[PDB]
Amino acid sequence: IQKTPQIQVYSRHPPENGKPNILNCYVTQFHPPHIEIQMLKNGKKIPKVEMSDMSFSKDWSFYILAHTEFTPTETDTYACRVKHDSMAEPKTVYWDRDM
Amino acid sequence: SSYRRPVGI
Amino acid sequence: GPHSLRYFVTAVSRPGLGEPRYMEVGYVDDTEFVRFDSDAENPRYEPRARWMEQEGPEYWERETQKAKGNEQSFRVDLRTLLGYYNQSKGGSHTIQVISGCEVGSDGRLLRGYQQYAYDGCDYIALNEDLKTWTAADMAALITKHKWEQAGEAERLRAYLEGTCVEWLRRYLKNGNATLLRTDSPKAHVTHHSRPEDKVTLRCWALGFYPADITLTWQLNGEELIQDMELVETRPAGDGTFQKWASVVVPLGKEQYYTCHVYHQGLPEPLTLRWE
């Protein structure tokens with residue numbers, strides 16, 4: 001029955017080192033609706049992450065946008081980690097500034 | 001305005 | 001052109017963590033305009049578009065009452081489905097419903113729907129005829145016969161053809177200007193390395209609304225269907241959307257390729273290449 005989440009991690013605006021921006025984690029195609037989403041900077045949970053209200057698609061699958069303020073640099077690494085029952089383990093997806 | 005189903009599943 | 005009014009409902013049981021959560025979200029065209037969530041206290045039917053604030057206290061009170069009434073119904077429905085599926089009282093389960101009407105430019109119904117799912121899988125759906133039902137399993141057949149016997153399809157046909165359609169008219173009246181909004185994409189091409197003598201051209205479209213968009217790459221005038229990479233269209237977080245599409249091309253041949261961007265907002269399609 002259960003549907004596995006798909007994840008995209010990406011910035012709201014094109015990233016410029018030293019410029020404030022928003023980092024997005026867009027999670028889709030999941031069921032059941034319970035899900036746990038964390039965003040990470042250099043391996044460490046980012047404390048202030050906001051979540052959109054949850055919606056679902058004609059598919060029946062749920063989707064949600066997590067987001068947080070960030071100022072990208074040359075060497076800082078960002079990721080989004082999602083824990084959901086459809087998966088044995090939490091899935092981590094890394095930010096690629098070219099994607 | 002949404003429909004209100006008056007009979008159960 | 002055409003228009004739609006749809007309500008997306010979710011009921012989620014949470015044994016030992018509280019009462020079932022009932023959520024109801026209304027969309028005009030494909031834009032959320034109202035929402036009810038049973039998990040606020042003094043939960044209230046709420047506007048989600050500023051143009052809905054035109055409606056007034058009586059509307060909102062009647063919709064709140066009706067939503068709390070559904071919440072109670074759905075609690076019972078959840079218990080029933082446990083029986084049908086010989087499922088324990090300890091687990092969380094989900095009922096979902098999509099209910100609504102599509103109308104034409106003349107305001108007349110083009111199609112109505114009332115679809116149910118249980119734990120994310122089709123359960124029962126009203127057929128296009130607005131008279132018969134498709135049950136997806138044996139449990140759903142029990143519901144089908146109860147609903148046939150109770151004249152549920154007649155009820156729905158009346159709502160879909162009249163009430164729903166009339167309310168769509170009314171909401172469009174207050175939202176049509178805001179609904180018609182369009183933000184055109186702004187596009188650009190980035191250039192990235194690949195192994196040996198190949199590179200990646202990535203065509204970005206940013207800042208657009210609504211989400212529907214097409215990006216294509218062409219060699220010389222001829223579409224690279226076989227294998228362009230893309231991302232699913234995604235929210236920027238500010239009401240607009242993003243997409244990109246990329247191709248891998250020979251080092252030195254970048255000027256042989258163009259990207260085309262197709263969107264409602266554009267006077268005409270955009271044609272880009274690598275700087």
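Residue numbers (the authors' numbering), protein chains in the order written: chain B, 1 to 99; chain P, 1 to 9; chain A, 1 to 275. The beta-carbon is built from N, C-alpha and C at its ideal position, and this holds for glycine as well.
May I have a chain-ordered list of the beta strand (DSSP E) segments no shorter than 3 residues that lie completely inside the stretch 174-200 of chain A?
-> 186-193
Grab me the residues of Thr4/B's own chain with a C-beta within less than 8 Å of its C-beta, minus the 5 sequence neighbours each way, in chain order.
-> The residue you call residue 4/B lines up with position 4 of the first sequence. Result list for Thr4/B: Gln29, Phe30, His84, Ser86, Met87, in chain order.
In chain order, what residues of the same chain lie with their CB nearer than 6 Å to the CB of residue 309/A, ignoring the 5 residues before and after it?
-> Not covered by the structure: residue 309/A. The range shown for chain A is 1 to 275.
In chain B, which residues lie less than 8 Å from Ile98/A when you measure between Cβ atoms?
-> Along the third sequence, read from residue 1 onward, the residue named residue 98/A stands at position 98. Here the neighbours are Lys58.
What do you reckon, are the CB atoms on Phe33/A and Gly175/A nearer than 8 Å?
-> Mapped onto the third sequence, residue 33/A falls at position 33. Mapped onto the third sequence, residue 175/A falls at position 175. It is a contact, given that the beta carbons lie within the stated cut-off.
Sheet register partners of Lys45/B (DSSP bridge) = Reading the first sequence from its first residue, position 45 is the one you call residue 45/B. Answer is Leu40/B.
Check the Cβ-Cβ distances between residue 278/A and every residue of chain P, and say whether any is below 8 Å.
-> Chain A is shown only over 1 to 275; residue 278/A falls outside these bounds and no answer can be derived.
In three-state DSSP terms, what is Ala139/A?
-> Locating residue 139/A in the third sequence gives position 139, where the first residue counts as 1. DSSP places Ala139/A in helix when its eight states are reduced to three.
Quick one: is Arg97/B near chain A, going by C-beta distance under 8 Å?
-> Counting from one through the first sequence, the residue named residue 97/B turns up at place 97. Output row for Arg97/B: interface = no.
C-alpha distance - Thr132/A paired with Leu126/A, whole-angstrom precision | What you label residue 132/A is simply residue 132 of the third sequence in a count that begins at 1. What you label residue 126/A is simply residue 126 of the third sequence in a count that begins at 1. Approximately 6 Å, taken between the alpha carbons.
On the three-pair Cβ rule with 8 Å, is the stretch 69-78 of chain B touching the stretch 40-47 of chain B?
-> yes
For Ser99/A, I'd like the list of residues in its chain whose CB is within less than 6 Å of its CB, leaving aside the five on either flank, ordered along the chain.
-> In the third sequence, counting from the first residue as 1, residue 99/A sits at position 99. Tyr7, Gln114.
For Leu251/A, which residues of its own chain have a beta-carbon under 7 Å away from its beta-carbon, when the five flanking residues on both sides are left out?
-> Reading the third sequence from its first residue, position 251 is the one you call residue 251/A. Cβ neighbours of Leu251/A beyond the five flanking positions: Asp197, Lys198, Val199.
What span of residues does the alpha helix (DSSP H) with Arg79/A cover, start to end?
-> Counting from one through the third sequence, the residue named residue 79/A turns up at place 79. That run of the alpha helix (DSSP H) goes 57-85.
Looking only at its own chain, which residues have a Cβ that is under 7 Å from the Cβ of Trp167/A, when we skip the five neighbours before and after it?
-> The count along the third sequence starts at 1 and reaches residue 167/A at position 167. Correct list, in chain order: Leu5.
Between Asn24/B and chain A, is there a C-beta pair that is closer than 8 Å?
-> Looking up residue 24/B in the first sequence gives position 24. Yes, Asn24/B lies at the interface with chain A (some Cβ there is under 8 Å from its Cβ).
Alpha carbon of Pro185/A to alpha carbon of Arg79/A, nearest angstrom = In the third sequence, the residue the question calls residue 185/A occupies position 185. In the third sequence, the residue the question calls residue 79/A occupies position 79. Rounded to the nearest angstrom, the two C-alpha atoms are 48 Å apart.
Short Cβ contact (8 Å threshold) for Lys243/A with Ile213/A | Looking up residue 243/A in the third sequence gives position 243. Looking up residue 213/A in the third sequence gives position 213. Cβ atoms of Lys243/A and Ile213/A: closer than 8 Å.
Skipping 5 residues on each side, what residues in its chain have a beta carbon closer than 6 Å to that of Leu224/A?
-> Numbered from its first residue, the third sequence carries residue 224/A at position 224. Cβ neighbours of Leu224/A beyond the five flanking positions: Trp217, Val247.
Name, going along the chain, the residues of the stretch 237-253 of chain A whose beta-carbon falls closer than 9 Å to a beta-carbon of chain P.
-> none
If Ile9/P and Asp77/A are in contact, beta carbons under 8 Å, what's the gap, nearest whole angstrom?
-> For the purposes of this step, residue 9/P is identified with residue 9 of the second sequence, where counting begins at 1. For the purposes of this step, residue 77/A is identified with residue 77 of the third sequence, where counting begins at 1. With a Cβ gap of about 4 Å, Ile9/P and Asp77/A count as contacting.
Listed by chain order, chain B residues near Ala125/A by CB distance under 9 Å = By 1-based counting over the third sequence, the position of residue 125/A is 125. By Cβ distance, chain B contributes nothing, its closest Cβ being about 12 Å from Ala125/A, past 9 Å.
Can at least three beta-carbon pairs, one atom from the stretch 1-21 of chain B and one from the stretch 31-38 of chain B, be found at a separation below 8 Å?
-> yes
Indicate the three-state DSSP secondary structure (helix, strand or coil) for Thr73/B in the structure shown.
-> Here residue 73/B is taken as the residue at index 73 of the first sequence, counted from 1. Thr73/B falls in the coil class under three-state DSSP.
What residue does the alpha helix (DSSP H) around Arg157/A start on, and which one ends it?
-> Taking the first residue of the third sequence as position 1, residue 157/A is located at position 157. 152-158 is the span of the alpha helix (DSSP H), which, as asked, contains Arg157/A.
Within this structure, are the beta carbons of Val12/A and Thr94/A separated by less than 8 Å?
-> Translated into the one-based positions of the third sequence, residue 12/A becomes position 12. Translated into the one-based positions of the third sequence, residue 94/A becomes position 94. A contact, by the Cβ cut-off of 8 Å.
Within its chain, find whatever has a CB closer than 7 Å to the CB of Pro15/B; leave out the 5 residues flanking it on each side and keep chain order.
-> By one-based count along the first sequence, residue 15/B stands at place 15. Within the same chain, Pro15/B has close Cβ partners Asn21, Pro72, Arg97.
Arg273/A, buried or exposed, once every other Cβ within 10 Å from all chains shown has been counted against 16 = Here residue 273/A is taken as the residue at index 273 of the third sequence, counted from 1. Looking at its Cβ environment, which holds fewer than 16 other Cβ atoms inside 10 Å, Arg273/A is exposed.
How about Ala245/A and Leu266/A: do their beta carbons lie closer than 8 Å?
-> Within the third sequence, numbered from 1, the residue matching residue 245/A stands at position 245. Within the third sequence, numbered from 1, the residue matching residue 266/A stands at position 266. It is not a contact, given that the beta carbons lie outside the stated cut-off.
Does DSSP classify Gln226/A as helix, strand or coil?
-> In the third sequence, counting from the first residue as 1, residue 226/A sits at position 226. Here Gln226/A sits in coil by DSSP.
Proximal residues to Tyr84/A (C-beta, below 7 Å), its chain only, five neighbours per side dropped | Walking along the third sequence from the start, residue 84/A turns up at place 84. Within the same chain, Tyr84/A has close Cβ partners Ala139, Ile142.
Is there a Cβ from chain P that is less than 8 Å from the Cβ of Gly69/A?
-> By 1-based counting over the third sequence, the position of residue 69/A is 69. Chain P contact via Cβ: present.
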